[PDB]
4 protein chains.
Amino acid sequence: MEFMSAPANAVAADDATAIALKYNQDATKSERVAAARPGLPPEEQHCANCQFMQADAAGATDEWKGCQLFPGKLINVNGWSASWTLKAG
Amino acid sequence: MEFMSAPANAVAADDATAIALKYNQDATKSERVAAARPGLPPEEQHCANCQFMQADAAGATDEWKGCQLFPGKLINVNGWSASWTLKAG
Amino acid sequence: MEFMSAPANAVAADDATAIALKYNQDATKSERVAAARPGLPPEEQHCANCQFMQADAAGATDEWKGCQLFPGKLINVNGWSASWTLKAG
Amino acid sequence: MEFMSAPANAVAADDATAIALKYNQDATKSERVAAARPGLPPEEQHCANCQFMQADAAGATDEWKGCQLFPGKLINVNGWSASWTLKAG
Ligand code: SF4
Ligand code: SF4
Ligand code: SF4
Ligand code: SF4
């Protein structure tokens with residue numbers, strides 16, 4: 001595989017929105033256990049299985065995808081935020 | 001009936017999760033018609049017969065119930081969202 | 001990952017102990033609100049933040065852990081029983 | 001100039017160590033801006049001016065050098081990783 005470029009509009013650690021929504025690009029380092037959102041055990045929760053992850057957003061790759069709660073941005077498929085909600089598959 | 005107080009955690013219209021899920025407290029003013037989700041004729045679709053409705057959520061009353069897609073929140077039994085799926089059993 | 005699948009010794013709904021101790025593997029469906037045990041808001045209480053949860057137990061996973069009040073069995077990190085107690089440390 | 005021979009042991013995108021280090025062989029496609037590591041503006045950071053680049057590594061050339069954090073591998077002088085540190089001297 002070729003290296004996966006990091007989008008200029010990916011949510012960053014230094015963004016007020018990320019701080020507000022407790023988003024972390026790496027779910028393993030997130031507060032998912034402390035949040036204890038309902039749906040899946042906490043350590044299985046990440047953007048890849050969240051209701052708001054948008055696979056068809058401008059600039060999306062299999063590593064970077066959109067989120068309906070972060071307009072005009074891109075989150076990491078391995079991330080997590082406190083709005084994590086199991087996708088109604 | 002008596003004037004029933006609206007729960008402090010009822011899903012509000014200007015909540016980003018609500019906007020993304022296309023939830024309307026009133027099914028009769030919702031996108032159920034245009035969406036024509038499978039299961040039942042659109043005019044019959046509301047949270048009361050949705051699979052994700054949680055009748056025994058904390059604080060639920062005969063008018064406000066929980067929803068798997070709105071952790072910690074309460075929705076109206078006569079509401080609807082783009083996630084509506086006919087309840088089985 | 002795989003679907004929710006309780007290991008061999010997961011406390012079961014028709015286990016006399018479970019019934020006696022008011023345990024439910026899903027805290028959002030338990031009597032935590034009615035019981036209103038002291039320490040934290042009832043809706044914030046679950047096995048993961050209970051003093052009796054034991055991280056080091058046979059067959060334990062990120063989702064299933066031991067509980068000192070259920071010797072030899074496993075409970076869900078998202079569960080709750082009427083013995084929920086503050087996590088001292 | 002003649003074509004720059006690539007090494008078979010170049011760090012590759014699907015190497016767990018590369019992923020963990022946030023390495024990208026093309027720094028302009030990396031997370032350096034988001035990382036905002038100290039010493040130089042993000043846009044000026046690459047392996048060529050990193051403290052850990054190892055010029056005297058087996059098979060190292062004009063374009064590929066070693067890195068203390070990647071034993072037995074070679075990085076691209078134009079690359080970058082989240083361990084970038086301005087070289088002193
Ligand atoms: S809302 Fe879902 S998709 Fe968006 S950042 Fe949070 S966990 Fe990821
Ligand atoms: S998912 Fe079902 S219960 Fe929840 S808001 Fe939508 S229609 Fe109502
Ligand atoms: S005592 Fe604590 S760990 Fe054990 S079942 Fe009850 S709430 Fe869970
Ligand atoms: S540590 Fe320095 S030399 Fe090694 S990959 Fe990172 S930036 Fe390049």
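Okay, so let's go over this structure. (Residues numbered from 1 in each chain as written, not as in the entry; some residues may be left out. Chains lettered and ligands numbered in written order. Heavy atoms only, no water.)

Turning our eyes to something else, we now look at the packing of aromatic side chains. Enumeration over the complete set of coordinates arrives at 5 aromatic pairs over all chains. Where A:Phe3 meets D:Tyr23, the ring centres are 5.3 Å apart and the plane angle is 85 degrees; that geometry is what we call edge-to-face. With A:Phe3 in the segment before α1 (16-20) and D:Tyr23 in the loop between α1 (16-21) and α2 (32-35), the pair connects residues from two separate chains. Of the two residues, A:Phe3 and D:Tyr23, neither departs from the other in class, the shared state being buried. Plain terms: the ring middles of D:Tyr23 and D:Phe70 are 5.7 Å apart, the flat faces sit at 70 degrees to each other, and that makes the pair edge-to-face. With D:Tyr23 in the loop between α1 and α2 and D:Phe70 in the loop between β2 (64-67) and β3 (75-76), this residue pair connects regions lying 47 residues apart in the sequence. In terms of burial, D:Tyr23 and D:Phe70 fall into one category: buried. (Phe/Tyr/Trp six-rings, centres within 6.5 Å; stacked < 30°, edge-to-face > 60°. Helix = DSSP H or I, 4+ residues; strand = E, 2+ residues; numbered from the N terminus. Buried < 20%, exposed > 50% of the residue type's maximum accessible area, 1.4 Å probe, protein only.)

For the rest of this paragraph, the subject is the interface of chain D and chain A. In this assembly, 11 residues from chain D lie in contact with 8 residues from chain A. Summing both sides of the interface, chain D and chain A together bury roughly 780 Å²; the carbon and sulfur share of this comes to 61%. When the buried area of chain D at its contact with chain A is split by residue, D:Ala13, D:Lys29 and D:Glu31 rank highest and sum to 50% of it. Taken together, chain D and chain A are joined by 0 salt bridges. Across the contact surface, chain D and chain A share 2 residue pairs in polar contact. (Contact = heavy atoms within 4.5 Å. Buried area = accessible area lost by both parts, 1.4 Å probe. Salt bridge = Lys/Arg side-chain N within 4 Å of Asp/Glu carboxyl O. Polar contact = N/O pair within 3.5 Å; in protein donor to acceptor, adjacent residues only side chain to side chain.)

A word on the site of ligand 3. Around ligand 3, the neighbouring residues are C:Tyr23, C:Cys47, C:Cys50, C:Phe52, C:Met53, C:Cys67, C:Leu69, C:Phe70, C:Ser81, C:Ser83 and C:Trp84. Taken together, the residues of the shell around ligand 3 break down into 9 nonpolar, 2 polar and no charged. (Near = heavy atom within 4 Å. Nonpolar A, V, L, I, M, F, W, Y, C, P; charged D, E, K, R; others polar.)

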